[PDB]
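One chain is shown next in structure tokens, namely the form deposited in one PDB entry.
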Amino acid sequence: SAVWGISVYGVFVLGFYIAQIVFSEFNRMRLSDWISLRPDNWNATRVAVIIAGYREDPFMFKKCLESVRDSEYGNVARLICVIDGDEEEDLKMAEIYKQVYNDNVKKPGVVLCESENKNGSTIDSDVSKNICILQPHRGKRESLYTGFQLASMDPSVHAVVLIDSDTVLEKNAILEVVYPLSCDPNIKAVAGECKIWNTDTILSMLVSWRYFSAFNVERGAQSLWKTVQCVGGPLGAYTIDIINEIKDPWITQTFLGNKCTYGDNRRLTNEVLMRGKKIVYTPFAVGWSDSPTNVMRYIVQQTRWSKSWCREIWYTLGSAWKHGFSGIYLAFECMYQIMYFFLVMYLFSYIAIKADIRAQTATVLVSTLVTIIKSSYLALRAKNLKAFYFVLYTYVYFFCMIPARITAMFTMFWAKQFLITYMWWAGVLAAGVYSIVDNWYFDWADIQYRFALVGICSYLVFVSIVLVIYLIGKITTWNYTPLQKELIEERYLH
């Protein structure tokens, strides 16, 4: 009965994870040989770094430009920075650039997307200069089309490296993110590890480990078949040979009518994968970013991401025709991403309606064991020993991503997006109260009752000691990322 549904759930969740782990290891071994067969003094691809932002933490927008200026790479052509919106509020976002690079803060009168002549000469006859554009804002799509146009008219630019405004690239980031574009002729985009430096909050650490487990495992498994479904948001390198062609249907999109712009990165990757080309991901391209801390902000972020996924996983499924035999993985990944959420929902509904202590303690223990195995592998790969905080990521998932998935599904057609989340919390609480008041008895002579009570008590103790370990670590300042431990010092003096 419950065995078909507990054991099959455990196998369904763990076998795919083991497959993804082994595929990521294969991809890392593949990339190490490429890196090894490379001359030390290698400059071949002339990149042009592109930044788009909007009121991004004056100090952090300084750290981003400083990191790009401190990045080691022989052949960097220029730096295109596009700042959304023109106002006395974005002038003090051009000034933080002007104090880092130069005084070429331009301001074209019209948005280069809405403007008829889409080509260059946007008050820009200078190709050997570091430029910053102040244009009216229409989203990251319109403010990145301007950058794409800027770093195209130079015939000596062959690739473009896209970054977000609140990112701090390591020194050997551009060098290791642009190499795979020169490794093979069918690669038109490379991903990059996007680490998280803000881990001073309980929601800001489990999500950090989720980013780790969604890049270095999830996005590493896909790169083995060279079909990465979504290039890294903050850090990513694109070949101009494909950007110059996909920039036109990228910012033209209509889904069902009304045109709206969210989840632009996955759209770029989707348009690259819909032309039969390949995308890989390299773990030697570390980049740092912050994370949302308030639960409501994280739920909003995840509902936007789920909105983006629910309209383009269809296209990722439908473009597997263009890819060859490698590309059945592209369908299996999407089918899994759907049926796993569906199976989790069904399991919760079943064990919440048909109340049974031995059919609830068993599920809790099996889920905890699977999460412990995943966290153990994450700890081994990262050599961090702080990766065992991933055990608590199940709570963050169940209480924030699932309401986000439901809300995105409902809007696919305060009360805008939080009513569904509040109703979901109320439903979970009602199920728990019904289960605890329905089985309100004590029978110590029953071995099954003893097993159920012992299991639930041991699980509660395990969760409590994990939380106590986290609290102690925060007290002694042990969870703080080595980057954050230095930004919190450079912040005091400024």
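In case it trips you up, residue 1 is the first one in the sequence shown, and so on. Heads up, when I say rigid core I mean the largest set of C-alphas that superpose within 1.5 Å between the two forms.
Counting only residues that lack coordinates, how big is the gap in the deposited sequence between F413 and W414? Pick none, 1 to 3, 4 to 9 or 10 or more.
10 or more residues lack coordinates between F413 and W414.
Below: the form deposited in another entry, not depicted.
Quick check for you: superpose on the rigid core, then look between this form and the one not shown for a C-alpha move of 2 Å or more. Which of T261, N244, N172, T293 is it?
The answer here is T261.
Using the rigid core as the reference frame, would you say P482 shifts its C-alpha by 2 Å or more between this form and the one not shown?
No; that C-alpha moves by less than 2 Å between this form and the one not shown.
Once the core is aligned, does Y470 move its Cα by at least 2 Å between this form and the one not shown?
Shift at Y470: below 2 Å after core fit.
Residue pair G10, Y459 - Cα distance in the other form, closer or farther (3 Å or more):
So the answer is farther.
Could you tell me whether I163 and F255 have their C-alpha atoms closer or farther apart in the other form than in the shown form, knowing the shift is 3 angstroms or more?
Here the pair is farther apart than in the other form; there, closer.
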